[PDB]
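Commentary on secondary and tertiary structure
Single-letter residue listing:
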Amino acid sequence: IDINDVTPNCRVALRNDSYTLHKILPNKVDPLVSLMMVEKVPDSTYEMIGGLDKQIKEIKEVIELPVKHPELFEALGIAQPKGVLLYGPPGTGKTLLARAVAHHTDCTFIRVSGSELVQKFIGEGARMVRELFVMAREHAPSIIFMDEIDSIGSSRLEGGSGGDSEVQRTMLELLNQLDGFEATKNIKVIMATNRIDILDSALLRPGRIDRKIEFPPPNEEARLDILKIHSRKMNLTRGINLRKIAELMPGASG
Amino acid sequence: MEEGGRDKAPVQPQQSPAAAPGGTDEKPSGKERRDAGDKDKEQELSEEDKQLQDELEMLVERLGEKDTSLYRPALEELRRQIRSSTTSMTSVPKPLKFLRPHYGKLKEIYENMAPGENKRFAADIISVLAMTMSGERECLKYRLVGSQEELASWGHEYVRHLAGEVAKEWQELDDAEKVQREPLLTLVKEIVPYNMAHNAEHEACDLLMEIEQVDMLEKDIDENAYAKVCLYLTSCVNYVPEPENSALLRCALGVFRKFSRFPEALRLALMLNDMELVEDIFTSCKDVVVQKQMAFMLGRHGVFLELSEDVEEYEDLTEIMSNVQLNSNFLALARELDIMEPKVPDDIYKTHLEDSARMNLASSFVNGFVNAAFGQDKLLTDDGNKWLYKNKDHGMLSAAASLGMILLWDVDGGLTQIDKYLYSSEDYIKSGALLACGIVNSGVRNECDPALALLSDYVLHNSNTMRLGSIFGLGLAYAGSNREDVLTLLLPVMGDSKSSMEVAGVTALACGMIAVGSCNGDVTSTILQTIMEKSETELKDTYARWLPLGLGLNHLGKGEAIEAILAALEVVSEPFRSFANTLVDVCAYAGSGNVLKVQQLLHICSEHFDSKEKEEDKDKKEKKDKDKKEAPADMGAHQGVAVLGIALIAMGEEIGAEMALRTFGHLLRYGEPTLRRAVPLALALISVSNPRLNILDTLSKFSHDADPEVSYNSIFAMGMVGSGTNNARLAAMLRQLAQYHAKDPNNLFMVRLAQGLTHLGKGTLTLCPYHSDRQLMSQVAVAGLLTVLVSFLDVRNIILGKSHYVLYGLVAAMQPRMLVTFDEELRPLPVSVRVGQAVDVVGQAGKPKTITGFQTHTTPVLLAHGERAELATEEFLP
Amino acid sequence: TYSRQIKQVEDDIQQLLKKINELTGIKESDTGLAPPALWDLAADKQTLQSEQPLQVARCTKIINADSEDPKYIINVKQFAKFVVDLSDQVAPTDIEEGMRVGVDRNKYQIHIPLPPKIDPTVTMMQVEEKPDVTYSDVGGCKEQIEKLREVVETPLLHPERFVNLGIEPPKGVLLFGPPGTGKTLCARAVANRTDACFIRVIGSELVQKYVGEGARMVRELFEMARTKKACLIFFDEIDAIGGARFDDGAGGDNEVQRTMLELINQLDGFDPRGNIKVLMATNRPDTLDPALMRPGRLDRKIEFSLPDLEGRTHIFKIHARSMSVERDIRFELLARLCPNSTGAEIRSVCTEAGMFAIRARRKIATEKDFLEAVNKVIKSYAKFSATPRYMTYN
Amino acid sequence: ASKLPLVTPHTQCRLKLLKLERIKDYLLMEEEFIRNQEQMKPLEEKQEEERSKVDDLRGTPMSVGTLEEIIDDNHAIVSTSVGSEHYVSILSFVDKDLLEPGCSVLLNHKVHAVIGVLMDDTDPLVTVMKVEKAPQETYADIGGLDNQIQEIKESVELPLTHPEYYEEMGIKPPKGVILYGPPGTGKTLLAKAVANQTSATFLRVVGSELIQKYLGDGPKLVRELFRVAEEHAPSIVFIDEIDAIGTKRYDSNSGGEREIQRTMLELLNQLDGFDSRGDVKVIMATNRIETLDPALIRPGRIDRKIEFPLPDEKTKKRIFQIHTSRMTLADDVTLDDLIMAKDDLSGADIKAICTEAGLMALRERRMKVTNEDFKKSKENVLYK
Ligand SMILES: Nc1ncnc2c1ncn2[C@@H]1O[C@H](COP(=O)(O)OP(=O)(O)OP(=O)(O)O)[C@@H](O)[C@H]1O
Ligand SMILES: Nc1ncnc2c1ncn2[C@@H]1O[C@H](COP(=O)(O)OP(=O)(O)OP(=O)(O)O)[C@@H](O)[C@H]1O
Ligand SMILES: Nc1ncnc2c1ncn2[C@@H]1O[C@H](COP(=O)(O)OP(=O)(O)O)[C@@H](O)[C@H]1O
Ligand SMILES: [Mg+2]
Ligand SMILES: [Mg+2]
């Protein structure tokens, strides 16, 4: 057995009396795979989009372009955008429109929620939060996605507001890191929330977030499009007149 | 790239040399005109030392190098003016055109002949035009020409004048580092006959500038530390007039001529003393110089300053004779005792906070150590007197002598204090009282008891070892005087050829510390006595510790080594009986650079397995390797430490396992963490398989250094480990003595033997027996306790700055910092980088520290060294 | 002249020296190998004098005993407990219960006693070093220095006059005042001049994660202190380990009260610590507990206050005696220009004057530099000043 | 190895040649003496036999343990991974100088005797908060200030570059520096420039990470951070947005507002304790200085306070000139029109406007930017 074949963090077989190296076992599952199987994000693609063409264009111009074509940005001599924020009423498409984008451009999709089951897959103690980058920069073209919980999306304030231990302060730390002190490129951050007027002032400075996209509730045409998309998975009958069904709904959500 | 266009020189002037072969004949005007025009253009471009690649000298190497090489010899029609324009044009490019070994090919352009007065045209360069030519000529051409044939043709006749002109011109434009390169060329050319170069440079230095003299003298003294014996003598005789003839200070020449006394000749020292006595220069400078001319650097200077004007000018020699020691004692007990010195510290004995006669004997040494700086005790050592009637009769004598050691440097009432307990009529009490009286009057050099009281004790030597305990004190009290009367008186004691071998050994040690130079009859008598006694005997090394030591001390302080060779030829015997072969050889090598000589001396037997055949020779070689440390220039220390580690500690059974740490004490005495941790590694460990007593001696030499620091408490921790292991009777006394000696009081820690600036130090002679005192077993019971305590007593206690005026008005105005360790710097050469200190007291100035002045003081008395600068008042700075 | 030859010779000599060092073979050190010159003699003797002659000798704890026969009960952390006896060479006198002992691997026999546990996070607090400040640069507070040294050092230095006079010296002392006054510097000086231990501890180190840990740490500290002869403990920022018992409503901040109660209990009742002297410092003493400030624990209450007029002159003189200034600078005027200031401000004034001198080119700081440094440091920075709201200790 | 630092000649003088010759002669004599026993009385291989037998004694199965206590007579108590601890002996070829409690010690498998000391395993937090390479270009990209730069230089750069000016007149460099002012004014950019230019190791941390979700974890973080900073090298510690540790409260914190006080006390202890500090420089930055504890910013901890005011018209024009140096501007656009866009416009708005205008030009596939691009960009950015 040659040493150069013995890469770190590998499975081997050791004899009994002398504990000498004997073989090399097939492999071990990486922590990223375990974490993503625990989270279970329901991946999708572009064909499951209803009435979100302009949003697709806007997010394509910021996420897809400065990876495949950096020379196009270097010609104009401008900085490459790094952060995107998405806001709108809940159940409108934001996570689906960030997973489809991540899937089509072949990027490693990572999401963080501050839980504690996955804490063993990041670090033993993880006193800080930037340690995730150690696991991220080895999958260079990656995307980090964090969604604001209903504590502010639905419950807003607890009586005096104050600060949210989740989401916002983590994003502040991440955006402070990759603002000049980061060497690795092709790492980006996506934010999802609602009612942007409750964001803290430190995150509304012009130089922090490079684009903000809106997700209004669907109108009649978008509702009909979603009904058409989601009516395929059932044995249907010829002639349903889905226009009337779409008109009945007073535009609640998607 | 691009070629041509702007290169006007490489077009017309390059084709002109090509057509020169057709222009050699029927064109005499052009051959000079083109040369002059090219020389003028080159001089215009070369007026600045910034464009090395000249358009004519550097661009001609494509094809004109051969033309220049083929100019003088391939013409056959050179004139008396064309030859100058040929040699001048060929000497510039040929020096750099050739390869690295170009010093042997400089004779084809410049060394062949001197064209006109090229030194006039060489003032526009630093080391390119003519300085480079002179250096190249002196490197190889003049070195082979002038080695034994200095008188030769123009290659050596005008070569010397050109070299002198170049040396003058180096220190003629700015007196920059080129002036320092001038001394290098003066030393390289005629190194053995450096007197001619020194004489040539003295004329330039005297008339050059008033401020260009101190730096040259400092550089000369800096480079005087390494040269051949004849070269060293020439350097010491050439730098003497630098501070006396060219300079008018008239005070650093007599002080700096100490290195010209032992190395060159005694006659030089006598002439310097006579000149200093003749050149009175009123009294201030002469008195300041002569104050430290009694026992600080040299002695026997109180007999040549007794001129016919002994009123105010020549009478000060009397103050040097006897008043100097009393003044030193008064200063030690006046400015230090009234500031920080208590009546009785006694702090070492109380350290055992956190029963045999050995403890009683070590108590005397502890009391003496803590009773330093005129620590007179009036019945304060009653414990020693009480123990004197119980056991340890020799220990009782040591305790009695500790009373005198308490009252060090006392000649006023020390005799009465010793006589208070002297009246005992014991075979050891009389010896102890005599030793105490001798230690008390150390350095006085007065006629108190030359043949009145000391002779009274010597005339009753019909008894035991009391006879031997009556010559070490008398010899110590007359160590600083080389009078032949005392030496003659002490010679009959050694030559008595009686059963008192100890008396003969002490007489040899006492006389070695008195006279070490001329009067070879004493050395011959000692050798004859050794041959008569030790030949028909095979006893212990009492003879080896007295015959080799006496022979080395009697012939100590002579770098010629001819006397040592004569003694070796007259003492031809077996290597075991020739233990003085390396001892006398190293006694005559007090201070010098002898790395090659040391290697040759160790080449007789490097290892040889030490098969019990030349054990004395091996011990002498080990002691010799401890030498070459008086002025090691902080260079040989590391190599010596590495050699000791890789040769003695790495391999050894008896010689390398016992005396390997002995050389550590002689290496230095200040105390550094590296040595203190290397020795502790080999001393703290038990290593019971080896000679544990040798390990104890190793610890005693690890703590042999004085001036203890706050880390010495760690040794106290080992004291706890010494309760069960390292038995008390064999290690407790040694450990206690080592702990106490380092922290005696606060001052009087100077055991490095360095006086003023760089003095080799005769005090090492007093330390010479001490290094030979601890080389065997049985600790110290009869002989060691009588010599290990009072081996050296010539240390200057504390003070470094005082007025020492007639009224002694000024007290202290200084600012301390680290010592000066710079060689080449700007005009105000920096001293150190520890300016973070400033005090207004005259207390301890620190070992490796120097104090500067301000407020327009400038120390107008000495300004060089002395530790007792008068610092005359000046008010020229508003 | 022959610069190239000399340089080549020197380079060859250095290369030969490195090659010779490589030749001697003092190499490896990947696994922790000592240089061959060190263990050259220790190569074979230990093979037959340290491998088989020495045993593993596990460590256990005796729990109790019984009379007329040893029959000792031995407990271990992971295996079971046994009944055992001694060995031949050990006396039954020094086999007292509740202490660690050595035990065989096969027959389980006591061999040697052992020292108890130490909790290394408590062992790291020993200073083992001495700072480099003395009493000579603590000017302005001579009376406080005298009053502190009368109790901290003198009884430990000459313990014969107090015993002769039948007087028991005080034990504790507290130092309070505004921030910057000098307390920690005086503690540094005391630790420098001392000769016994110096166990330093900061209150913020006693805030642990699990319940019932601070009291354990205090117990270990006092046990380790009592083990040695007699030596000192220093508490820094004591106002973070206990203010006052105020338990109202939901129980908040009371485990720290248990830590403070253990610390209080260790200084009084049922054979107090005895020969241990503690000294504490704080900047807002108005919030400490009443039961901690009574005599018997904090007998002395030295106070550090802002210097009046001559303390400022002394601080100026001792902080600028290593300067490069002319002969005509008067410090009385500079002292009069800062009516209420601390030593830190004066040191900063000196440093800024030096920096202004260094600013352009000059080598000697002038009086105008001192005046403008005072103007820019005292008058301009008085926005922050930290002082006005701590003179009321709030 | 500092064998002989006396190379003061440093020229073609005879002094350098003489010193080199003396050192070479001493080294040659030492080498000859060392090889005399290596070639005259070897009596054994002494080169490969020693390693062979020390490997023979040291078995091939080799376990690990942690030191707990050591006794002077060359043995110590070591605890095993399982939990049992022994009273094994210490061998004599284990260079017993780096044996420290808590260090991983390599033990034998038969009798568990100490046979080696093992190196460390880096640390998964050092690489987290250590800067590897320089961020961007130096002070030439800043513009506008020209006065705070000299102060930060005097505080940081000069002692490293020229530790001689302070030694001439014996003063110490200023201890601490703090930067305050309105947001978006160039504090972090100057910190980036300092990190780029300097040569010492750079450590950074955001002040919002000093509060943890357990009791007694903030002080531990501060202690460990300063231990790392003091143990690497001459270094620089950058703590920005420190005031955020006090102006925000999170329900994830187990303790209330007292743990913040304990963290503050630990921070003051680390900044101005009584143990030797070494050589560490601290830089702080905030935009709300009125909420910090005054006792934290007393002279002797933070020595310099530097304010960053809002830019003026000249600085606005300079920032336009800086940020459009590599942009193909059409002749229609003029910077003076955009100078008076807002009364209190800041530096970040310039970069925001320029970048978003470039993006808007990129949308329509136009390389040259026009006036309408800027006109819509300023309205889209500022007015919302
Ligand atoms: N009497 C004094 N003489 C000289 N300097 C002093 C004096 N008193 C205080 N100082 C200055 O105070 C500085 C810091 O003092 P120190 O940290 O000991 O104060 P403190 O009262 O313990 O502070 P804090 O409450 O902030 O912990 C020192 O660097 C020193 O320059
Ligand atoms: N004076 C300036 N010169 C050049 N660019 C500037 C200047 N001021 C601000 N900027 C721009 O603003 C951007 C953001 O500045 P930076 O984040 O460093 O601000 P700050 O002072 O740290 O503010 P905050 O405290 O609000 O984070 C910089 O990257 C730079 O492009
Ligand atoms: N425009 C849309 N077309 C089709 N389905 C949609 C659309 N928007 C949301 N959905 C449905 O919403 C569900 C996921 O909700 P999501 O939008 O991810 O939550 P959030 O709004 O918090 O991001 C999916 O099952 C998807 O079918
Ligand atoms: Mg303090
Ligand atoms: Mg910032």
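Residues numbered from 1 in each chain as written, not as in the entry; some residues may be left out. Chains lettered and ligands numbered in written order. Part of a larger assembly, values for the part shown. Heavy atoms only, no water. Residues with missing side-chain atoms left out of burial classes, pairs and counts.

Moving on, we get to the overall build of chain B. Within chain B, the regular secondary structure consists of 40 helices and two strands. With respect to the principal axes defined by its C-alpha atoms, chain B has extents near 115 × 70 × 55 Å. (Helix = DSSP H or I, 4+ residues; strand = E, 2+ residues; numbered from the N terminus.)

Assigned secondary structure in chain A consists of ten helices and seven strands. For chain A, the spread of C-alpha atoms along the three principal axes comes to 80 × 50 × 50 Å. Counting only contacts in chain A whose residues sit at least 6 apart along the sequence, the fraction spanning at least 24 positions is 73%. (Contact = heavy atoms within 4.5 Å.)

Our next topic: the sheet that holds strand β7 (residues 198-202) of chain C. Residue and element names in this part refer to chain C. On the basis of which strands lie adjacent, the open sheet formed by four strands has the order β6-β9-β8-β7 and parallel pairing. Looking at the sheet topology across the chains shown, the edges are occupied by β6 (174-176) and β7. Mean inter-strand twist for the sheet, computed between neighbouring axes without regard to direction, equals 15°. Strand direction decides the pairing type here: β7 and strand β8 (residues 232-236), joined by five bridges, are parallel. Bridge assignment links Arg-200 to a residue of β8, and that residue is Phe-234. (Pairing = 2+ DSSP bridges. Axes fitted to C-alpha atoms, helices over the stretch in contact; angles between N-to-C directions.)

All names here are of chain D. Relative to strand β8 (residues 235-240), strand β7 (residues 201-206) is paired through six bridges, and the arrangement is parallel. Across the sheet, residue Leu-203 finds its bridge partner in β8, namely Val-237. Note that β8 and strand β9 (residues 280-285) share six bridges and pair parallel. If you follow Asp-240 over to β9, its bridge partner there is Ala-285. In the classification by handedness, the crossover that spans β8, the intervening helix α7 (residues 258-272) and the parallel β9 is right-handed. (Right-handed = clockwise from strand over helix to strand, strands pointing away.)

Time to look at the state of the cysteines. All names here are of chain C. Covalently, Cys-197 is tied to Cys-231 through a disulfide, its sulfur atoms 2.0 Å apart. Measuring the twist about the S-S bond at about -50°, one finds the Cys-197-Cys-231 disulfide to be left-handed. Of this pair, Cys-197 sits in the loop between α7 (183-193) and β7 while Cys-231 sits in the loop between α8 (214-227) and β8, and the two are 34 residues apart along the sequence. (Disulfide = S-S within 2.5 Å.)

Residue and element names in this part refer to chain B. UniProt records the feature "repeat: PC" at residues 398-431, 432-468, 469-503, 506-540, 549-578, 681-712 and 731-746, using the numbering of this structure. Regarding residues 469-503, the helix share stands at 57% and the strand share at 0%, and the terminal C-alpha atoms are separated by 8 Å. Overall, residues 681-712 shows 47% helix and 0% strand. The separation of its end C-alpha atoms is 15 Å. (UniProt positions renumbered as here; feature names shortened; annotations may be inferred.)

Before going further, it helps to spend a moment on the pattern of salt bridges. Residue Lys-117 of chain C pairs with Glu-85 of chain D through a salt bridge whose shortest N-O separation is 3.9 Å. Of this pair, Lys-117 of chain C sits in the loop between β5 (110-113) and α3 (120-123) while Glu-85 of chain D sits in strand β3 (residues 85-86), placing the two residues on different chains. Between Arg-149 of chain C and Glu-146 of chain C there is a salt bridge, and its shortest N-O distance comes to 3.9 Å. Placement of the pair is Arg-149 of chain C and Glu-146 of chain C together in helix α4 (residues 142-152), with a separation of three residues, close to one helical turn. Each member of the salt-bridge network shares a partner with another, and the members are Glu-352, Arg-359 and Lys-376 of chain C together with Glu-151, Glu-154 and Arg-304 of chain D. (Salt bridge = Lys/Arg side-chain N within 4 Å of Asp/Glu carboxyl O.)

Okay, the sheet that holds strand β4 (residues 108-111) of chain A next. Residues and elements named next belong to chain A. If you walk across this open sheet you meet the five strands as β4-β5-β6-β3-β7, and the pairing is parallel. Edge strands, defined here as strands with exactly one partner in the open sheet, are β4 and β7 (212-214). The sheet shows a mean angle of 20° between the axes of neighbouring strands, taken without regard to direction. Where strand β5 (residues 142-147) and strand β6 (residues 187-193) come together, six bridges link them in parallel fashion. Among the inter-strand pairings, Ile-143 is bridged to a residue of β6, identified as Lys-188. Running at roughly 145° to β4, helix α5 (residues 96-104) makes contact with β4, β5 and β6 of the sheet.

With that out of the way, let us pick up the interface of chain C and chain D. At the interface, 71 residues of chain C touch 61 residues of chain D. Among the elements of the structure, α1 (3-24), α2 (45-51), β1 (58-64), α7, β7, β8, α9 (255-265) and α12 (343-359) of chain C are those that each provide at least two residues to the side of chain C that touches chain D. In terms of residue count, the dominant contributor to the side of chain C that touches chain D is α12 of chain C (eleven residues). Within the side of chain C that touches chain D, the residues separate by chemical class into 33 nonpolar, 16 polar and 22 charged. (Nonpolar A, V, L, I, M, F, W, Y, C, P; charged D, E, K, R; others polar.)

This paragraph deals with the packing of helix α10 (residues 347-363) of chain D against helix α11 (residues 371-382) of chain D. Residues and elements named next belong to chain D. Running from amino to carboxyl end, α10 crosses α11 at an angle of 125°, the nearest separation of the two axes being 9 Å. It follows that α10 is oblique to α11 by the angle criterion. Relative to α11, the crossing made by α10 is right-handed. Contacts between α10 and α11 involve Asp-349, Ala-352, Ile-353, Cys-354, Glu-356, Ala-357 and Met-360 from the former and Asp-373, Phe-374, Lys-376, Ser-377, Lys-378, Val-381 and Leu-382 from the latter. Here the residues of the contact of α10 with α11 sort into eight nonpolar, one polar and five charged. (Parallel < 35°, antiparallel > 145°, perpendicular 65-115°, else oblique. Left-handed = near helix turned anticlockwise from the far one by under 90°.)

All names here are of chain B. Of note in this structure, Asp-634 is not a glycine but carries a positive phi near 55°. Not every positive phi belongs to a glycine, and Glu-867 is a case in point at roughly 60°. With respect to the helices and strands, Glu-867 occurs in the segment after β2 (849-852).

There are four pairs of chains in contact here, and the one with the most contacts is chains C and D. Regarding chain A and chain B, which are not in contact, the minimum distance between any of their C-alpha atoms is 32 Å. Without any contact between them, chain A and chain C keep their closest C-alpha atoms 14 Å apart.

Turning to the side chain of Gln-257 of chain C, a few remarks are in order. Residues and elements named next belong to chain C. Note on placement: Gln-257 falls in helix α9. At 3.2 Å, the side chain of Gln-257 and the backbone oxygen of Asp-253 are in polar contact. Non-local contacts of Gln-257, meaning those with residues more than four positions away in its chain, are made with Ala-244, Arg-245 and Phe-246. (Polar contact = N/O pair within 3.5 Å; in protein donor to acceptor, adjacent residues only side chain to side chain.)

Here the focus is the environment of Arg-389 of chain C. Note that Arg-389 of chain C resides in the segment after α13 (367-379). Taking the C-alpha atoms as reference points, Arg-389 of chain C and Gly-296 of chain C, separated by 93 residues in sequence, lie 31 Å from one another. If we skip the residues at most four places from it in the chain, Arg-389 of chain C touches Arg-284 and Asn-394 of chain C together with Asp-293 and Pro-294 of chain D. Among the polar contacts made by the side chain of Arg-389 of chain C, one reaches the main-chain carbonyl oxygen of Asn-394 of chain C at a distance of 3.4 Å.

What characterises a pair of aromatic rings is the spacing of the ring centres plus the angle enclosed by the ring planes. On the numbers, 6.4 Å between centres and 85° between planes, the contact of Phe-331 of chain C with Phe-370 of chain C is edge-to-face. Of this pair, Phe-331 of chain C sits in helix α11 (residues 331-336) while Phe-370 of chain C is found in helix α13, placing the two residues 39 residues apart along the sequence. Following the ring pairs from residue to residue traces out a cluster consisting of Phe-198 and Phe-234 of chain C together with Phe-274 of chain D. Above the plane of the ring of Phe-181 of chain A lies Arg-204 of chain D, whose end atom (NZ or CZ) is 4.8 Å from the centre. (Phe/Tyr/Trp six-rings, centres within 6.5 Å; stacked < 30°, edge-to-face > 60°. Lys NZ or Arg CZ within 6 Å of the ring centre and 35° of its normal.)

So, about the environment of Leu-97 of chain A. Residue and element names in this part refer to chain A. By secondary structure assignment, the location of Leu-97 is in helix α5. Considered as a pair, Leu-97 and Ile-226 are 129 residues apart in the sequence and their alpha carbons are 14 Å apart. Those residues in contact with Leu-97 that sit more than four places away from it in its chain are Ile-49, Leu-52, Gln-55, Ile-56, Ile-59 and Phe-215.

In this section: the packing of α4 of chain C against α7 of chain C. Residues and elements named next belong to chain C. Across the interface, α4 lies against α7 with an axial gap of 12 Å and an inter-helix angle of 40°. It follows that α4 is oblique to α7 by the angle criterion. The interaxial crossing formed by α4 with α7 has right-handed handedness. Contacts between α4 and α7 involve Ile-145, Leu-148, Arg-149 and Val-152 from the former and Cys-186, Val-190 and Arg-193 from the latter. In terms of residue class, the contact of α4 with α7 is built from five nonpolar, no polar and two charged.

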